[PDB]
Amino acid sequence: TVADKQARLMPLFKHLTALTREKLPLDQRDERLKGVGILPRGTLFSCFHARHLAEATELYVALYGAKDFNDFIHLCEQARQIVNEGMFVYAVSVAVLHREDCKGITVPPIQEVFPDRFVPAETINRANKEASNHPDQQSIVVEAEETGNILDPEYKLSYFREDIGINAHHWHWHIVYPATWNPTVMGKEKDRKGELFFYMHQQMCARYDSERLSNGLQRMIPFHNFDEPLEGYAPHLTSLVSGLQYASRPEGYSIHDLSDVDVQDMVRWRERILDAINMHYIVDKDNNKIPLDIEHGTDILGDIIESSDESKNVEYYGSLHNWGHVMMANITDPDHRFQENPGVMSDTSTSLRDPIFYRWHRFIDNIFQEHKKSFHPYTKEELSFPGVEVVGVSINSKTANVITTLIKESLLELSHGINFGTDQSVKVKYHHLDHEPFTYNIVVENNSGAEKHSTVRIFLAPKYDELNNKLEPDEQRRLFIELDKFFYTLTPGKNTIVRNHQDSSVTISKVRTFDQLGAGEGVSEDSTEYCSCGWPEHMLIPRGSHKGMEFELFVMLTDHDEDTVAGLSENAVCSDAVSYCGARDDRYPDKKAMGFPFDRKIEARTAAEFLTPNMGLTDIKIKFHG
Amino acid sequence: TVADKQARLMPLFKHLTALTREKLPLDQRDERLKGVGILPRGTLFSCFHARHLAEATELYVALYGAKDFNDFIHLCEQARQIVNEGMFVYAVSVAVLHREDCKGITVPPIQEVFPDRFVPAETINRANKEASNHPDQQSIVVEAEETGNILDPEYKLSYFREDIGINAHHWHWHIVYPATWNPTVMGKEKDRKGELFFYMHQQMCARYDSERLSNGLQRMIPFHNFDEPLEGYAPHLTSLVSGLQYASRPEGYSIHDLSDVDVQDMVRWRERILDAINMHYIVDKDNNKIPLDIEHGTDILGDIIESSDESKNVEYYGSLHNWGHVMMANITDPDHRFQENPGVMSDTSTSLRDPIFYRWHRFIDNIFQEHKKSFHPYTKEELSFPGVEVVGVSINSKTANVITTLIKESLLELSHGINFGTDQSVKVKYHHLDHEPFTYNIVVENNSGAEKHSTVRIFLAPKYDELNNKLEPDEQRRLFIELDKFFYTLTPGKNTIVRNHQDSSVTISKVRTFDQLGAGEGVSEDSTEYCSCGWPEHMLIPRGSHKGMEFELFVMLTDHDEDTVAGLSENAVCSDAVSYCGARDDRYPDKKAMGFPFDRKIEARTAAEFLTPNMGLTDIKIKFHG
Amino acid sequence: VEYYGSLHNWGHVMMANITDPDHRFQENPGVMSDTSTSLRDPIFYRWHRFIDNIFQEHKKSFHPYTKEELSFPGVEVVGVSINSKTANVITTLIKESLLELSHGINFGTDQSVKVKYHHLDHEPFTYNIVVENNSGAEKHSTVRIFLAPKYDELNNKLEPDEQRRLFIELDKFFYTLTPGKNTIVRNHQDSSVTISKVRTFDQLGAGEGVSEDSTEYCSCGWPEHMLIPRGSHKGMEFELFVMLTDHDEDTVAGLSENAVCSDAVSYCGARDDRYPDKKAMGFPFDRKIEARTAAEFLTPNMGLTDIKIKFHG
């Protein structure tokens, strides 16, 4: 049954570190396996580096090529002793999702699988220590919160950057859309992956910026110059696997060439890209030019920038984004003389924690923005949905139009990830931001005679600048974060549409634990994305401040008939989280450009001026509770 | 009995990390304890930093103050609960070494107490992992040697720098001569501690230089300028106490001010010292001037430079040497914002491993050298011992005049230091340099009618330079390493004096393991120096090369009557290792300046010209075996 | 030219007048300015590696070589041996030599002014290659011999990708193989890379019969003493690579001259003739190698023999 299948998968995931020791007399028998084992087990695996992705692609394709599920389990089992734990938890995990007769099927928790990435060196330590200190079945609980001197104001952001859910999501997203993805081999293609790459990262930056403003900090600035020295960050993460940890980065580093790539190359790549935008065409390998069409342009750019296998010219355009992660990651030891592990930037699970991440991503976002700039603005025609008027919006909470945010304690179970020994469970306690539940009530007047179908789009943007209160829509575009997107039908006359925050399309409703999975639930029967992907729920709104920071609440209704695509896909599957994740094996459900209406330049000085009749702005307050 | 006493001490030393959790309702009861407990438990303890040293001193005093041994155990037991563990080990070891009541007693092994400092992050992790992986009484053995790509040639030196014995010695030496040492409080004074400070460190540098030359590398250069960027070093040590590890140092940034101290603070202190040398006087607090006497000068300088409590002016002169360790140690995070642990430079146990250590110490050595320069050279009168002539010297080994050096495997038992759990023992296997045993035969002609008493001094110096073969005695002075010093009586006529390498005054004959100590032997019962201090035996001669590098073997005989001091001290106690360690509670047994005849400038172009009749040079070869 | 410029040449010029870029001080340029002197400056290598890199990127764009391209079927290389005083060891030493100044600088009264200098040199050696010709008929093969260092800067690692940069060409020559086992012996003196002899002014005033062609005559070719690297006293280990290829494929047809300056074909080419080898210069080394060890790369018509080079002080 499916349940049995789930059980088999969970053990593929257990004791990965330990699983090493090949115990294989000969790989030759495993002809399928020949293409791998090239990266040694203990070594850190880089999500960004090309070679690490070459070997990884080869693992995927063999586990897609494995004939049936049983065959799948077998090959998977053999090669995670020989082909290394670090890369093989990657080549298995991504494969584990996508090859067909797998379905039913969650992946064990990333946080749970590698607790060391989620929690600090100290609370890893203490817990391991307690296990040894007194042998006893009794459970161990450790509070990760610590006590320390809070020197850097960046620390304030830690609730966002360090959040477990955020890191997990980032890991999962890359799994759903792998850079290595080869559509020919799989046969299936990921719709608009390049564009999604752009959108997801942009949102992370946008959301990040809202945190800084909530904090009273200015918006992050891009890593526009390569010459500039980076700010330091020390992760305090250990790798349980070995004694090694992610190397910390001191202050004040100018950029160093790596054997693999030189900084100059990075510059040269970026200048090409920025030029190809201006030129409005890119050059394919064939030396043909493809236009940066309005429809296609973002996607093509996304593939080139990341860059994915899909890039029209890998050789000329290079892979700017990925190399950025690599270069930043080994700033400490570019040359590799000193033999130190890379920083957090190397891993999709960890990278969000470093503040540098935002600087780089804003830089890349800028590239996309230049392209967007080339496009013409939106006419009333494009925006408006005639006959529909938005009367008002209200947010209901304990106090209307105010959302309250607080910190909540939570526990993570280490036992699946690290050797438990005698103890039944070792849990680490951490705290994260959370907010009260709320609902939206939108009153819409349907002037038309017949029932209409509308897509409701809701975004949140900070009212205040660093100067003083200034709702300049051009700037707002960067800041706006997507709260929700959903379909509703309106009858003629007045209508009130109520939606609850829980329903939010952006967030993951729930991630099942190992324990949940061993059980066997029906939420439904899905994938690496299953409970994993989606933005985390606690994270839905920015922290705000004790004072109650003012944010613009924007609701827009668009014609659904226009917005939806027609086609024939599946049952109700992982679609909760469509806004950032997309739909399983389906085309992106919205015709509009991701981020619409915000994606293109806004002529108006004030946001209010921008509004059409099917748009509305309600100012609400977010107040944090200490 | 003494044995019982030993047993009590060993547990003071066990599970130090764990010993935390105060379990004290109130410190107020412990009035004695009020002074200590500022430094937090987990934090790293700095041997160099003044504030840390102050706490440590406060702790020792309480231990010294303890009325009886039982009282000593009690306060220690209680103090260990609150105080930082590193400080605790430091304070206790000092107490054990000096306090009479402890006429019983070795200190548990430093390597054994903190195995994590001696062995790498990987083999620490491995033995811990194996312990958890399969529970079983069975013993675990891990080979620390690894497999890696050898990028830096500095790696070649690792046998010397990384050596367990060397690190242990350095720890112990600082314990015997603490910087904090206050003679008034103890009542007793450490004879010539300032000079010894100078001599010991100079020897470490000199010995280090011989390794580089054996390697074919040039001699180390001093940290002559503070502006210059440092070479990076990654220790790969994870401090078992914590999940944190010693922070690695990447390549190249000029020096950063710490909150505690500035760089123009540092520089100023250096100019003061170098000035006062030139002026031939230093200024006391009283604003009186004390002359840099020939007899006293090195000692006074040593106290000021280190600087010890003994410094005649702490505020004017500062503490250059110690601050150097601190500044280098937290180069990665001067400001303390990023909250990272210090590097190896912070600890006496670890500091030798970093190559920077030598650069700094040569710098300080230079300071001493300038002082030495001010002194006049030695006349034939001072050097010569009339009537005595040295006919020849021969070294006996498998092949005469050739010493063979090889690598030997050894194991270290982790169990005392880290939580063992079920396993009986976890041992880590490491390799170290070692040499064949050899003896010296010196033929001396005693022209005089009566029997004479002579001190035989033996040194080794490299023949080859970085250019070609050039025995320029001035340069040689830096390089010469002390093999042995001993007293012999010569009758009239020809005499042959034979001495074995094992007897060497420079080296520690044996360090007893916590296991041996678990029983009860009879080397006798003195303390932290016991088996600990002394230079390690395997280390006695430089590695040399496969080719058989040529070294000058220098033997000099001096009039013992002149050399010895008269006084009334103890039974045969820790005197094996007199050359570098001194004698327990005794005045340094040799009148001559440490390093004599090498300490003062040599006029001659060639070493041979320097020789008097009671001196001799024999060229021998050291050949390494792969 | 107006777009792509002249990068290499300008590099020499710029480096040469680093001391006085302005030409205000009216200094002379450094050694980099002259083809005769430029090799002496260590900078030369840095720049040339830079330019070499440019070529390498181009080479990178090309696909690797299949077994098909490399292999010469029916031919198998059994073994190679180098004969010297001690087999498989080449000895290198320093030799004194004299140069006569008189033609170059005003001699005045003196008959001759000679300056004595020392240079590296090695003992003569020969190669013996055993090849099995499986085919029924006689074949024609081009024997290609290269030398590459075994040791890296770290430890012993015959990573063929890296080796490509290091490999130096010892010799290229044509041999005919009959069916059955064959032993081909070649002497170092014959090496295609080196100039057999440069005649002095004195030699020339005389009148000899190597033949009469020109600036390349005795001049060009790599110098003979230079043929192998110095090695070390310990006897450094080098990979000796021999490959045989189908000559019919390798040669071009055409109608050119008598036996002329062709001794030194490997680096010099042939006088007024097309380059005699179809293969890319540096083949098989020019394109990227996937293999882990060099050994994996080998086809049946290739062979590696490890020899030692030991310098004599």
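Rule-based calculations on the coordinates, nothing more; no lab input. Note that we place each Cβ from the backbone using ideal geometry, even for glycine, and neighbour counts take in every protein chain shown.
When a footprinting reagent is the concern and you count Cβ atoms within 10 Å, what order do B:344, C:260 take, fewest first?
Fewest-to-most ranking of B:344, C:260: C:260, B:344.
Please compute the Cα-Cα pair-distance distribution of segment B:116-178 with 5 Å bins starting at 0, giving whole percents from short to long.
Distribution as computed: 3, 14, 17, 18, 16, 13, 11, 6, 1, 0 percent.
Show log10 I(q)/I(0) for the protein assembly as shown at q = 0.05, 0.06, 0.08, 0.09 Å⁻¹, two decimals, from a solvent-free Debye sum over equal Cα scatterers.
Summing over Cα pairs of the protein assembly as shown leads to -0.55, -0.78, -1.25, -1.40.
Got a sec? How would A:116, B:335 order by Cβ neighbour count within 10 Å, fewest to most?
B:335, A:116
When chain C is treated as a GNM, springs tying every alpha-carbon pair under 10 Å, which of C:27, C:169, C:69 comes out with the largest mean-square fluctuation?
C:27
Residue by residue, what Karplus-based ³J(HN,Hα) values in Hz, rounded to whole numbers, does segment A:106-121 have, using 6.51, -1.76 and 1.60 with θ = phi - 60° and x for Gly and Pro?
8, 10, x, x, 5, 4, 6, 5, 10, x, 5, 6, 7, 10, x, 2
Can you give me the orientation-averaged projected area of the convex hull built on the Cα atoms of segment B:326-441, in nm²?
14.9 nm²
³J(HN,Hα) across segment C:90-104 via Karplus (A = 6.51, B = -1.76, C = 1.60, θ = phi - 60°), whole Hz, x for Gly/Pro?
10, 10, 10, 8, 9, 10, 8, 8, 10, 10, 9, 6, 3, 5, x
Which number comes out as Rg/Rh for segment B:391-441 once both Rg and the Kirkwood Rh are worked out on C-alpha atoms?
In segment B:391-441, Rg relative to Rh is 1.34.
Starting from the Kirkwood radius over alpha-carbon pairs of segment C:1-143, derive D by Stokes-Einstein at 37 °C in a medium of 0.692 mPa s and give it in µm² s⁻¹.
Taking Rh from Cα pairs, D becomes 150 µm²/s.
Projecting each Cα onto the charge dipole of the protein assembly as shown (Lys/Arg +1, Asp/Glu -1 at the beta carbon, about the Cα centre), which of A:456, B:40, B:183 comes out farthest on the positive side?
With unit charges placed on the Cβ atoms, the residue in question is B:183.
Would you mind giving the mean number of other chain beta-carbons within 10 Å of the Cβ of each residue in B:131-138, as a whole number?
Rounded to a whole number, the mean comes out at 3.
Straight-line reach from residue B:23: which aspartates and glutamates fall under 13 Å, measuring Cα to Cα and dropping same-chain residues less than 8 apart?
Output for residue B:23: B:77.
Take the Cα atoms of chain C, build their convex hull, and give its volume per residue in Å³.
203 Å³
With point charges of +1 on the Cβ of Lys and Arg and -1 on the Cβ of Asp and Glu, referenced to the Cα centre of the protein assembly as shown, which listed residue (B:302, C:204, A:622) lies farthest in the positive direction of the dipole?
Of the candidates, B:302 comes out farthest on the positive side.
Only loop residues by DSSP count here, and only those with at most 11 other Cβ atoms within 10 Å; note down the trypsin sites (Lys or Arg not before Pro) in segment A:370-399 that meet that.
Filter output for segment A:370-399: A:398.
Grab the beta carbon distance between residue A:465 and residue B:225, set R0 = 56 Å, and tell me the FRET efficiency rounded to 0.05.
For residue A:465 and residue B:225, the calculated efficiency is 0.75.
Given the -39500 (n - 2.57) contribution per DSSP H run of 4+ residues, what per-residue ellipticity at 222 nm results for the protein assembly as shown, rounded to the nearest 500 deg cm²/dmol?
Result for the protein assembly as shown, helices only: -8500 deg cm²/dmol.
If you build a Gaussian network model of chain C, linking Cα atoms that sit under 10 Å apart, which residue out of C:192, C:256, C:38 swings the most?
C:38
So if we plug the beta-carbon distance of residue B:24 and residue B:290 into 1/(1 + (r/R0)^6) with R0 = 41 Å, what FRET efficiency do we get, rounded to 0.05?
The value I calculate is 0.35.
Amide H to amide H under 5 Å from residue B:525: which residues, 5+ apart in sequence or cross-chain, H placed 1.01 Å off N in plane?
none
Pull up all non-local amide H partners of residue B:282: gap of 5 or more, or a different chain, and H-to-H distance under 5 Å with H placed in the peptide plane.
Here B:290, B:292 satisfy the definition.
As I understand it, the value is the acute angle between the Cα axis of helix C:7-16 and the longest principal axis of the Cα atoms of chain C; what does it come to in degrees, rounded to 10?
Helix C:7-16 sits roughly 40 degrees off the main axis of chain C.
For segment A:100-257, evaluate the Debye formula with one uniform point scatterer on each Cα (no solvent term) and list log10 I(q)/I(0) at q = 0.12, 0.13 Å⁻¹, rounded to two decimals.
Summing over Cα pairs of segment A:100-257 leads to -0.81, -0.93.
Cα centroid distance between segment B:313-368 and segment B:108-139, in Å?
When both Cα centres are located, 29 Å separates them.
So for each of A:452-458, A:555-561 I average, over its residues, the number of other beta carbons within 10 Å; can you give me the resulting order with the highest mean first?
Per-residue Cβ counts within 10 Å, averaged per peptide and sorted highest first, yield A:452-458, A:555-561.
Radius of gyration and Dmax for segment A:363-404's Cα atoms, expressed in Å?
18.0, 45
Please rank B:394, A:374, A:214, C:141, fewest neighbouring Cβ atoms within 10 Å first, as an exposure proxy.
Sorted ascending by nearby Cβ count, the order is A:374, B:394, A:214, C:141.
Between C:77, C:210, C:242, find the one with the highest GNM mean-square fluctuation for chain C; connect C-alpha pairs within less than 10 Å.
It is C:210.
Pairs B:398/B:463; A:193/A:591; A:188/A:592; A:429/B:129; A:129/B:103: which exceed 26 Å Cα-Cα?
With Cα atoms farther than 26 Å apart: A:129/B:103.
Which stretch or stretches of segment A:83-108 have amide N atoms under 13 Å from the point lying 7 Å from residue A:7's Cα along the Cα→Cβ direction?
So the set is empty, nothing qualifies.
Rounded to the nearest 20 debye, what is the charge dipole size of segment C:13-108 about its Cα centre when +1 sits on each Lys and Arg Cβ and -1 on each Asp and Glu Cβ?
It works out to roughly 300 debye.
How many Å³ per residue does the convex hull of the Cα positions in segment B:475-599 occupy?
Considering the Cα atoms of segment B:475-599, their hull volume per residue is 162 Å³.
In nm, to one decimal, how far is the residue B:189 label point from the residue C:275 one, both placed 7 Å along Cα→Cβ?
Each label point lies 7 Å from its Cα, and together they span 8.3 nm.
Let me check the size of segment B:462-518 from its C-alpha atoms; what are the radius of gyration and Dmax in Å?
Cα only, segment B:462-518: 18.5, 53 Å (Rg, Dmax).
With θ set to phi - 60° and the Karplus curve 6.51 cos²θ - 1.76 cosθ + 1.60, what are the ³J(HN,Hα) couplings of segment B:126-141 in order, to the nearest whole Hz, using x for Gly and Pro?
4, 4, 6, 5, 4, 4, 6, 4, 10, x, 4, 5, 2, 7, 10, 10
With a bin width of 10 angstrom, please list the P(r) values of chain A as percents of all Cα-Cα pairs, from the 0 bin to the one holding the largest distance.
Histogramming chain A at 10 Å steps yields 3, 15, 26, 28, 19, 7, 2, 0 percent.
Could you give the length gained on full extension between residue A:429 and residue A:515, defined as 0.36 nm per residue of separation minus the Cα-Cα distance, in nm?
29.2 nm
Taking H placed 1.01 Å from N in the peptide plane, check which residues at least 5 places from residue A:37 or on another chain put their amide H under 5 Å from its amide H.
Residues meeting the criterion, in which the H sits 1.01 Å from N, are A:84.
State, to one decimal in nm, how far the label point of residue A:374 lies from the label point of residue A:101, with both points 7 Å from Cα in the Cβ direction.
Calculated label separation equals 4.7 nm.
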